[PDB]
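Spelled out from the first residue to the last, the chains are:
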Amino acid sequence: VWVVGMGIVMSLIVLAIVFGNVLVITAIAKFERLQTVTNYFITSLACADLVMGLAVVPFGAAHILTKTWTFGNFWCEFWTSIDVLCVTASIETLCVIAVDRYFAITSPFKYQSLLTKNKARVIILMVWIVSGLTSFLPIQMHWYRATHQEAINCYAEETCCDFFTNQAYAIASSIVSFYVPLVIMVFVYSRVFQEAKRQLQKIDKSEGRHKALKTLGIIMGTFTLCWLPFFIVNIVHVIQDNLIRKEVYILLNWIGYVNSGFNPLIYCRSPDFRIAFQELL
Ligand SMILES: CN[C@@H]1CCc2c(ccc(O)c2O)[C@H]1O
């Protein structure tokens, strides 16, 4: 009776993920006003989320719901590669938009000539290139396989799909995909909050005839509680401890998919963008 029960949630998530990006892509495509410099980064994030939801979520849900994998193992390598690539692309896009906000707040005069529409495209292309390289190159060249005789049959056989990684690769991947964006975002947001507090104090100096924290409170919090634990797990099993189980690993990886799906809708709200949605509907 649980098979039908778990199917409903997966189907709802799959239906919602694509609709949460088609609307934004279509609205930003055919509206002149919504076009801006940060709009390119927003579209990059939305397209990455759409690709993730259209590619990895349905097949992964089919694998989880079914007893055993259906087709051959030839496509599995870049299935996993696309998964890791989209995750890295989303994380790095959030890091770069945070850096953009930091540059916007601190130096107003330089921002006019520092960033240009022509120069902005280079950053997105470079980050896509580096994420795609660090995703495809290790996965496809079979540099991530392990030597332990356990599950080597699963790697050899074309009927089961389990994720097994070497000690070295996991740590480097976690460091290059999670920790650096986290520290950069934390530092830049601390600086932004300090600037906002200073401005509020200056305004209060001449008055009499912190709400903004809430605006920050979500934008980082939903990132932490939804992505901090998994990578913390993604290292410990490399250590000699056998504490975690496969089901827990699968569930913590799964939660990240829902987090990535829900991120862009919460991230981008504006009266102009709201009326942009309104006109299309
Ligand atoms: C099988 N799922 C994978 C397993 C490990 C992993 C993921 C995503 C980004 C990474 O940097 C990873 O090391 C997960 O999506």
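The deposited coordinates for this entry were obtained by cryo-EM, with a reported resolution of 4.1 Å.

The protein chain goes by Beta-2 adrenergic receptor in the PDB entry, where it is assigned to Homo sapiens. As deposited in the PDB, this entry carries the title "Locally refined cryoEM structure of receptor from beta-2-adrenergic receptor in complex with GTP-bound Gs heterotrimer (transition intermediate #20 of 20)". One UniProt comment on the protein chain, placed under Sequence similarities, says "Belongs to the G-protein coupled receptor 1 family. Adrenergic receptor subfamily. ADRB2 sub-subfamily."

In this section: the overall build of the protein chain. Counting its regular elements, the protein chain contains 10 helices and 0 strands. The secondary structure elements of the protein chain, listed N-terminal to C-terminal, are α-α-α-α-α-α-α-α-α-α. A principal-axis box enclosing the C-alpha atoms of the protein chain has dimensions of 75 × 45 × 40 Å.

A few words now on the UniProt feature "disulfide bond" in the protein chain. Only sulfur pairs under 2.5 Å apart are read as disulfides, and the UniProt pair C76 and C161, at 3.4 Å, is not one of them here. Structurally, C161 can be placed in the loop between α6 (152–156) and α7 (167–205). Sulfur atoms of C154 and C160, annotated by UniProt as disulfide partners, sit 2.0 Å apart, under the 2.5 Å cut-off for a formed bond.

The next subject is the UniProt feature "binding site: (S)-carazolol" in the protein chain. The sites that carry the UniProt feature "binding site: (S)-carazolol" are, in the present numbering, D83, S173 and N253. Within the secondary structure, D83 is located in helix α3 (residues 76–106). Beyond its immediate stretch of four places on either side in the chain, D83 contacts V56 and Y257. Here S173 is to be found in helix α7.

To continue, consider the packing of α3 against α7. Two elements in contact, α3 and α7, have axes whose closest approach is 9 Å; the angle formed by their N-to-C orientations is 25°. It follows from the interaxial angle that α3 and α7 lie roughly parallel. Crossing of α3 against α7: the hand is left-handed. Residues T88, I91, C95, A98, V99, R101, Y102 and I105 of α3 form the contact with α7, whose participating residues are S177, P181, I184, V188, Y189, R191, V192 and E195.

Another aspect to go through is the packing of α7 against helix α8 (residues 212–236). Across the interface, α7 lies against α8 with an axial gap of 11 Å and an inter-helix angle of 160°. Here α8 runs roughly antiparallel to α7, going by the angle between their axes. The handedness of the crossing between α7 and α8 comes out as left-handed. Here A170, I171, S174, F178, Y189 and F193 of α7 lie close against α8, whose contacting residues are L216, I219, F223, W227, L228, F231, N234 and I235. Along the lines of polarity and charge, the residues of the contact of α7 with α8 split into 12 nonpolar, 2 polar and no charged.

What counts, and at which threshold
Here every chain is numbered from 1 following its written sequence, which may not line up with the entry's numbers; residues without coordinates are dropped from view. With hydrogens and water stripped out, all remaining heavy atoms of the structure feed into the side-chain values. Residues with missing side-chain atoms are left out of burial classes, side-chain pairs and their counts. UniProt positions are given in the numbering used here, feature names are shortened, and annotations may be inferred rather than shown by experiment. Secondary structure elements follow DSSP: runs of H or I no shorter than four residues count as helices, runs of E no shorter than two count as strands, and numbering proceeds from the N terminus. When two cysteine sulfur atoms lie within 2.5 Å, the pair is treated as a disulfide. Contact definition: two residues touch when any of their heavy atoms are within 4.5 Å. Interaxial angles span 0 to 180 degrees and are taken between N-to-C directions of axes, which are lines fitted to C-alpha atoms, for helices over the stretch in contact. For classification purposes, angles smaller than 35 degrees are called roughly parallel, those larger than 145 roughly antiparallel, those between 65 and 115 roughly perpendicular, and all remaining angles oblique. Take the far helix as your reference; a near helix turned counterclockwise from it by less than a right angle gives a left-handed crossing, and one turned clockwise gives a right-handed crossing. When residue character is reported, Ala, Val, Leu, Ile, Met, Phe, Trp, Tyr, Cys and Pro are called nonpolar, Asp, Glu, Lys and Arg charged, and the others, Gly included, polar.

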